[PDB]
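Read off the chains here:
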Amino acid sequence: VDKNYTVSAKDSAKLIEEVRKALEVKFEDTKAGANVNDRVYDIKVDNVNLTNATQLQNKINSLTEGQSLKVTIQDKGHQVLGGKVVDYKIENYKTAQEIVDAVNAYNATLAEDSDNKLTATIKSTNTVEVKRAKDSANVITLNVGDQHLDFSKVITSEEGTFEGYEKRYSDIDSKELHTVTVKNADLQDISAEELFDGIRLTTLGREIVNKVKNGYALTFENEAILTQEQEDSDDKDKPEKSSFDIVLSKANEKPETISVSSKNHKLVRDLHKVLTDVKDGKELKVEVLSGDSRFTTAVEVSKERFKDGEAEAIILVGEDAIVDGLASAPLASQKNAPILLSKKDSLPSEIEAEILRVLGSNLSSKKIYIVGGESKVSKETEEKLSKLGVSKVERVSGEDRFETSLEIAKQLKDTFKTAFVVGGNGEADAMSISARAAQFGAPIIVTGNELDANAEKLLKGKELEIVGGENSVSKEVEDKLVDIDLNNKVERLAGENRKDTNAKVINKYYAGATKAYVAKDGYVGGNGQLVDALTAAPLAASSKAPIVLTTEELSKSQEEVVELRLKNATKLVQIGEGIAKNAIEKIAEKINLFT
Ligand SMILES: [Cl-]
């Protein structure tokens, strides 16, 4: 057992019996100065000699939150010779000249002057003769490989009276001081990847961000991160892992320390940069707002948009109601309400819980709008909601989507100068204009093959824009729009596919934006995956920022517009999960987001 580490007080059982056993090792025979039965391990607690394992145990238990102590164990040098642990080792002369060297020390370093002075002569490569300088008697021949002798210990055995010399057993030097730090705290040893993938924090990564906002100060320790130059100059003799300790603390609370490392030095340097931002409270360059489902992602957008009790209303749509939802963006932005989601036959607890949080104590003066028919949100969920006590659960709906959009449209203030027209089958093209519309009170009118009379009545006199190709919004509807348009002109934003449409909306409206949001485009798992995009559009509207729609890599058309329009973006916010890291990297690269 040989190493210096840290354990928590709670999991220190193993160290304590480790010490109990080591305290039993004693010297059975000593020749270099120790005492028989002396312990062979020198063990201390904050440099105080350990009386027994139970005092270790009591010191560890008396540690309050955050406090730590160190145990030092050091072998004083021992070995087993013939079944007995000893403090000594037998050393032998290794060359002829070692022998004469010893004689020289005894003569000058010990004796001095002359009387007991000895003399040695090398006689061959591995024998030296030793005798006295005066009488030249008491002659011995030492060979290389013979045990060291003490010339101060003459063996005058009185069987008459003769000479002789005794041996020098030597000390086994102390080995090395190992330290175990014991902390009353929660400790973790994890790879850096578990917390951060290269550009985004992971869900485990955001738990730390959440603890800081919860009064935990973030502090760093044992920082052993190498600069690109220490990695550039492959001078050898360098570690294969970067590391550091993250410490979270709060008053009356038990701290927590998380040790991270990786074979990826850039990952670690990068992660340490994001955590400095989290500790400094400085807005990150890449933030993910998401949960394990469309319902928990919708709550995370709501937490970003509203502090407790700050929402004036609730917009509730069916979980799969993409058209009612994307059309609901200027409505959620206008009524300062989150777009939350319901099952048709129930309200998940996560959403009910976010309703309470954002309406707060004055819910009595606020409203809950349910968009869509009972085919999206049943009559029964509507009555469970009437049990709350909000000013009013008002349903905004019609016989179909076309009709529902005009109803949403009517809940907006008529003081708007812009309106958008999209097809009942164009949700993947349409979603691209939700933030812009939410950002300007512009309704989003959804139409079938021919424009309804009420639709024409709401847009007659205002400036209109079409989003979708002629197969979504017929060229006939277009002709009727140019007719009711103010300047007798209606532009159409329409790419070959939904990523080209998203690129045209971004090219047209977002020059100068200081943020970019990104969400799945519906190409993995179908159009229902556009729900993330629709819960975030009022959020992107509040930031005057666009939503890039992508699941895998950007199209070239998107890559080019981002490069022209979003050079001022100083933040990339990802909504939801399942977006390739490469598209986020591509986006970061084009807008020059880093360093
Ligand atoms: Cl994040």
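Method of determination, as given in the entry header: X-ray crystallography; reported resolution: 2.10 Å.

Per the PDB entry, the protein chain carries the name Cell wall binding protein cwp8 and comes from Peptoclostridium difficile. Under its PDB record, the entry appears with the title "Cwp8 from Clostridium difficile".

Further remarks concern the domain arrangement of the protein chain. What the domain assignment reports for the protein chain is domain 1 (5–87 + 174–178), domain 2 (92–167), domain 3 (185–283) and domain 4 (291–502). Its C-alpha centre places domain 3 at a distance of 41 Å from the equivalent point of domain 4.

A cluster of acidic residues, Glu399, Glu403, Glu450, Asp452, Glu476 and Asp479, forms a negative patch on the protein surface. Mapping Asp479 onto the fold places it in helix α16 (residues 475–484).

In a structure, side chains of opposite charge can pair up when their charged atoms sit close to one another. For the structure on display, the rule yields 33 salt bridges. A salt bridge links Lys571 to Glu287; its shortest N-O distance comes to 2.8 Å. Of the two residues, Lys571 sits in the loop between α19 (556–565) and β30 (572–575) while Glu287 sits in strand β19 (residues 286–289), which places them 284 residues apart along the sequence. One exposure class covers both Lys571 and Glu287, and it is buried. We note a salt bridge from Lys384 to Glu352, for which the minimum N-O separation is 3.0 Å. Taken together, the positions of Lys384 in helix α11 (residues 379–386) and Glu352 in helix α10 (residues 349–359) put the pair 32 residues apart, joining distant regions of the chain.

What follows deals with the packing of aromatic side chains. Taken as a whole and assessed by the stated rule, the structure comprises five aromatic pairs. Centroid distance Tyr88 to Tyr169: 5.4 Å. Interplanar angle 80°. Geometry classified as edge-to-face. Of this pair, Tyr88 sits in strand β7 (residues 88–90) while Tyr169 sits in strand β13 (residues 169–171), and the two are 81 residues apart along the sequence. Seen in terms of ring centroids, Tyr106 and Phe151 are 6.0 Å apart; in terms of plane orientation they differ by 70°. Their pairing is edge-to-face. Placement of the pair is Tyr106 in helix α3 (residues 96–111) and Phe151 in strand β11 (residues 149–154), with a sequence separation of 45 residues. Accessibility classification places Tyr106 together with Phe151 in one group, the buried group. Here the aromatic residues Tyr106, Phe151 and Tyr165 are joined through ring pairs into a cluster of three or more. Its guanidinium or amino end placed over the ring of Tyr169, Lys31 lies 3.7 Å from that ring's centre, counting from NZ or CZ.

Let us now look at the environment of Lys238. Mapped onto the elements, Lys238 comes out in the loop between α5 (228–232) and β17 (242–249). Residues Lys238 and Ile506, spaced 268 residues apart in sequence, show a C-alpha to C-alpha distance of 47 Å.

Attention shifts here to the packing of α19 against helix α20 (residues 581–590). Relative orientation of the contacting elements α19 and α20 amounts to 35°, with a least axis distance of 8 Å. Helix-helix and strand crossings are classified by hand; for α19 and α20 the assignment is right-handed. Note on element contacts: α20 touches α19 through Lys586, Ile587 and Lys590, opposite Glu559, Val562 and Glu563. Taken together, the residues of the contact of α19 with α20 sort by class into two nonpolar, no polar and four charged.

What counts as what
- Residues numbered from 1 in each chain as written, not as in the entry; some residues may be left out.
- Heavy atoms only, no water.
- Domains from an automatic or database assignment.
- Patch = residues over 30% accessible without salt bridge, like charges linked within 9 Å, V, L, I, M, F, W, Y side chains within 5 Å.
- Areas by Shrake-Rupley, 256 points an atom, 1.4 Å probe, with all protein chains shown as cover.
- Salt bridge = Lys/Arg side-chain N within 4 Å of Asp/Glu carboxyl O.
- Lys, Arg positive; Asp, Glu negative; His and termini not counted.
- Charge placed at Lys NZ, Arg CZ, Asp CG, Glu CD.
- Helix = DSSP H or I, 4+ residues; strand = E, 2+ residues; numbered from the N terminus.
- Buried < 20%, exposed > 50% of the residue type's maximum accessible area, 1.4 Å probe, protein only.
- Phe/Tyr/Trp six-rings, centres within 6.5 Å; stacked < 30°, edge-to-face > 60°.
- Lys NZ or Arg CZ within 6 Å of the ring centre and 35° of its normal.
- Axes fitted to C-alpha atoms, helices over the stretch in contact; angles between N-to-C directions.
- Left-handed = near helix turned anticlockwise from the far one by under 90°.
- Contact = heavy atoms within 4.5 Å.
- Nonpolar A, V, L, I, M, F, W, Y, C, P; charged D, E, K, R; others polar.

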